[PDB]
Structures are given as C-alpha cells and as structure tokens.
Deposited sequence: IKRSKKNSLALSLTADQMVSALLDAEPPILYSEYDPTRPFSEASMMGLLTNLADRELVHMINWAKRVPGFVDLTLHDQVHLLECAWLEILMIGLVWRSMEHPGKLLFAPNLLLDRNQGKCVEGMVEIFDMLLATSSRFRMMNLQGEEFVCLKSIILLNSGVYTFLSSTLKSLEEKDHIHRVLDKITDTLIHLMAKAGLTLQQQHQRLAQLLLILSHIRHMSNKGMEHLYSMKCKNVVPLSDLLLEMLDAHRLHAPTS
C-alpha cells in the first residue's frame, strides 16, 4: 500500500514526475483547414495521447493496487475527461484558444469547421477561462486529474472484497483531498478559503464530466459518419461507453 504512506509533498512529487509529455500533431499550416482533415489531426493526436495516458495511470498512486478489470473500467470511463482536462490545462495561458498541440492553437472560429464541435469547443474554452480566473496551480491540476481517474468509474463498480476495492479507491481519493488542502494551506489560504477553493475545483469536475459525455456522443457520431479515421483503440474506448 504505497499510496497510503505518501505524504502530501510526496504525493505531489509522484504525480508531477508521472506527467505525460505534450505531443505534436501533423498539422501543416501552409494549407487551410477542412472538417475531415482537422478532425483527423485531433483523433490521431488523441490516439497517441491515449497510449501515454495508459502508462501515466500506472504511476498514479494506488492505481496499480487495483485489479486489471478495475483498471480497464476506470480508464474506459475517464479517458476523455482526462484528455480534456489536460487540453484545458495547457490552454490556460492562451485566452480564447485551445492548445491542442504546441503547433496547433485554435480559436472557436476554426473549431466551427466541424459540425457540432463548436459547442464542445466553447465549453472547453469556458473551462480554461475558469482555471485562469482561479489561477489553478500545476500541483492542483495533477491532483484533479488523478481524482478524475479514480472517481469517474468508481460508482459503477457484489462482494465483501469488492467493497475493499472501492474502499481502497476512496481512501486514495481521501489522500488526494488531503493533498489539495495541504497545498492551499501552504499558499496562505485561511481554513475558510481552503474549503471554498476545494469545492470550486471539484465542482469543475462536474463540467468536465458533462463535456466528456457530449464529446463521446460526438465521437460516436463521427464513427457512424465514417469519414474521419478513428484508431482501433479509440473505437474500443468509444464502444466501452455505448455498452
């Protein structure tokens, strides 16, 4: 039970050290966008990010203690939320734009090139704007991302030992809550301000869930239209949600 023994500072260091890299797209700016081509860039990127995410998850404290079936379930439930919070995080310092890749920074007008993407685009922008006005810190971001991984599928997990798995996940979640409060108290916030900011951060996770639900319906729509190429992994992740 390595996750339970970490201090707040050791939790942050572990999560910071596990951060996946920021990947590049194949975007060539010497030609104008199109609906199919732009979405192909984004799905190609998401597929490559997914591989790094799966290996990041192994490094989130407690995740390795779970069964393979339960690791699969949590990632199947959370993967788009996790891609989206990552996107919103690296877009924080780019008001009005989404930084999909260092070489791919789009405003909402270019996102209109895809049908139905503009609503999701606007929601992601609003989330990035909210992180900016809250001045979200990198230490807080990695905590939130790990909360999404452990929380989003846990309520859809029979057995007395089955309760041990959920209870262990909830104890890890509890440890991450401890870690968030630690960071805020170190930043000088009063007790009142700590609880307020904790709530503000966790309430954003409701909006990230919403965006992921909408994005998954849009992904299924792309699959049906069979115009944008979707990778075998993306299709398996998508099918796990339409079960």
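### Query
What are the unmodelled segments when the structure is compared with the full deposited sequence, in sequence order?
According to the deposited record, C-alpha coordinates are absent for 1 to 7, 165 to 166, 253 to 257, which together make up the missing parts.
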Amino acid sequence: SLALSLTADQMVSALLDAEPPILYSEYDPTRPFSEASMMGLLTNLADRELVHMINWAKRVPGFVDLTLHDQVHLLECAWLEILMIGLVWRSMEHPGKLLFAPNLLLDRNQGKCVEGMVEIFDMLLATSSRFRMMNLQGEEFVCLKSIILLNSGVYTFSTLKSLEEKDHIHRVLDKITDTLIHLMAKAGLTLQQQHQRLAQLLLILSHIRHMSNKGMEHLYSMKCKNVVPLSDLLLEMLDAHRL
From here on, numbers count along this sequence of modelled residues.
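In this text, the rigid core denotes the largest set of C-alpha atoms whose superposition between the two forms falls within 1.5 Å.
### Task
Quick one: core-superposed, which stretch strays further from the shown model in 8 other deposited structures of this protein, 214 to 222 or 56 to 64? Go by RMS C-alpha distance.
Of 56 to 64 and 214 to 222, the stretch deviating more in 8 other deposited structures of this protein is 214 to 222.
### Outlying stretch relative to shown form, 141 to 149 versus 106 to 114 in 8 other deposited structures of this protein, C-alpha RMS (core)
Larger mean C-alpha displacement, comparing 141 to 149 and 106 to 114 in 8 other deposited structures of this protein, is found in 106 to 114.
#### Entry: Residue gap status of residue 89, at least a third of other entries
No.
### Message
Please check residue 165 against the other PDB entries of this protein that were compared: is it missing in at least a third of those that model both its neighbours?
### Response
In at least a third of the comparable entries (those modelling both sides of it), residue 165 has no coordinates.
### Given 7 to 15 and 222 to 230, the range whose Cα B-factors average higher in the PDB entry
Mean CA B-factor is higher for 222 to 230.
### Query
Of 142 to 150 and 127 to 135, which one has the bigger average CA B-factor?
Per the deposited B-factors, the answer is 127 to 135.
### Task
Name the one of 122, 81, 76, 167 with the greatest CA B-factor according to the PDB entry.
Of 122, 81, 76, 167, 167 has the highest C-alpha B-factor.
### Task
Using the B-factors in the PDB entry, rank residue 108's C-alpha atom against the chain and give the third, lowest, middle or highest.
Residue 108: CA B-factor falls in the highest third of its chain.
### Task
Going by the recorded CA B-factors, say which third of the chain residue 30 sits in, lowest, middle or highest.
Highest third, going by the recorded CA B-factors of the chain.
### Task
Looking at the entry's B-factor column for C-alpha atoms only, identify whether residue 215 ranks in the lowest, middle or highest third of its chain.
CA B-factor rank for residue 215: lowest third.
### Message
Could you place residue 38 in the lowest, middle or highest third of its chain by Cα temperature factor, using the values in the record?
### Response
Answer is highest: the recorded C-alpha B-factor places it there.
### Third of the chain's Cα B-factor distribution that residue 179 belongs to, per the entry
Middle third, going by the recorded CA B-factors of the chain.
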